[PDB]
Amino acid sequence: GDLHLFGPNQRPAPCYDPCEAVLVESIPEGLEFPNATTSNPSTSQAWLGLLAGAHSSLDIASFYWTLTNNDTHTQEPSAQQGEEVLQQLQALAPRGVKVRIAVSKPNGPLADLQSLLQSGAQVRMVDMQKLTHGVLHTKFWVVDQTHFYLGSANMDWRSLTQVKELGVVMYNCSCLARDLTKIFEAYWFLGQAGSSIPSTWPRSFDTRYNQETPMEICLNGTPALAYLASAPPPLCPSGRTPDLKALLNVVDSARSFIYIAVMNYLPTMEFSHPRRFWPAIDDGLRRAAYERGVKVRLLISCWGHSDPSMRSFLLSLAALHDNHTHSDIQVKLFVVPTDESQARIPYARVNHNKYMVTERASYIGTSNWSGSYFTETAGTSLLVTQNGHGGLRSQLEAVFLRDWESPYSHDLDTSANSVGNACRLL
């Protein structure tokens, strides 16, 4: 944008930091992938490295904190890592790292946050129920205004060893890190006593990097376009792309395929006691498949707490796979096998990833794909497009294909006894 080649459409300044993105996964204890020719760093080790390198600041947006066995009233070896994480966190403030933690208003005092407060970290509880009827569901870390983690892993030891998670760590990308810090600051401001959402956020929260003018970055030595989308709409300044709009733009721009892996997919306002039908994403997928022959693959997690009403809706989508329409939509259920010893571990053994990948773009989110997460509840997503054929997009596609062809993915007609865990959708 030069004001003479494009007029008032000034393209914002490019970023010259040597950004590098790493996919990070939590693979629960017991899951093996025969082929998986490559593996990604675990969430635990990425988090520990970030904490070890931290020297100035750490901001965490979080849903809940259960990093210790005491938190879950259990006694499991596999909890170590969360505890280790907690330990390292408590070492940040004493050595001079400014720590700020925004957490959804809990239903009672939390041990980890009290210990971190005693260590010198700042903690604020955000009551999103009173503001938007949603919750602070976002999970991300910003380190030294230079690195950040965005993904599905909660501040939960299970998230490291007993729950499958996917996310991304962006290193040496200070521009994007500061951009994410703007969202964090929205949370931080709302975490005070008596604060309300402004009708128009101050300019310090606004951003020039969005769907229309994404940030130009050097990702792994190659040019790429990236931006961060936010939810809910009342928390988005005018320049910040809403999460739903970013997701649907990725869906509508796909010309070859759309692979989606999300723990829950529901074309409804799950909540809102007067229930509401919510076909935004569903209609986007139907549109892609019908109009542009896009092959749609939907990998939905299933465990004992899954909403059974999901099944019908998924079946509805699956019904569009037809010879005459040339529409190609397939649905599979990803189940995490459980042992009798793992069955005592409360609320674990489920695939928690929330991401989508096409032939042109990558979308990594914190939200499940139901209406509330995009209208009332807090969430963030990273969107990256890179003109090459390798890169982070290819890594995401490989992860999805590995999970899709793995024996843990089953069709909707599969028997409930052949999946290795409780599945209300089968």
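Each residue number is its position in the shown sequence, starting from 1.
Just going by the entry, 162-170 versus 267-275 on mean CA temperature factor gives the higher value to 267-275.
Remark: stretch with higher mean C-alpha B factor among 299-307 and 253-261 is 299-307. As recorded in the entry, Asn323 carries the highest CA temperature factor of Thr138, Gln122, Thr146, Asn323. The PDB entry assigns its highest CA temperature factor, among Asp17, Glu25, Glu20, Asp411, to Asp411.
For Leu31, the recorded CA B-factor ranks within the highest third of the chain. Only modelled residues enter the ranking. Sorting the modelled residues of the chain by their CA temperature factor places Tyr347 in the highest third. The entry lists a Cα temperature factor for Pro106 that places it in the highest third of the chain's modelled residues. Annotation for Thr385: CA B-factor lies in the middle third of the chain's modelled residues. Looking at the C-alpha B-factors along this chain, the one for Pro202 belongs to the middle third.
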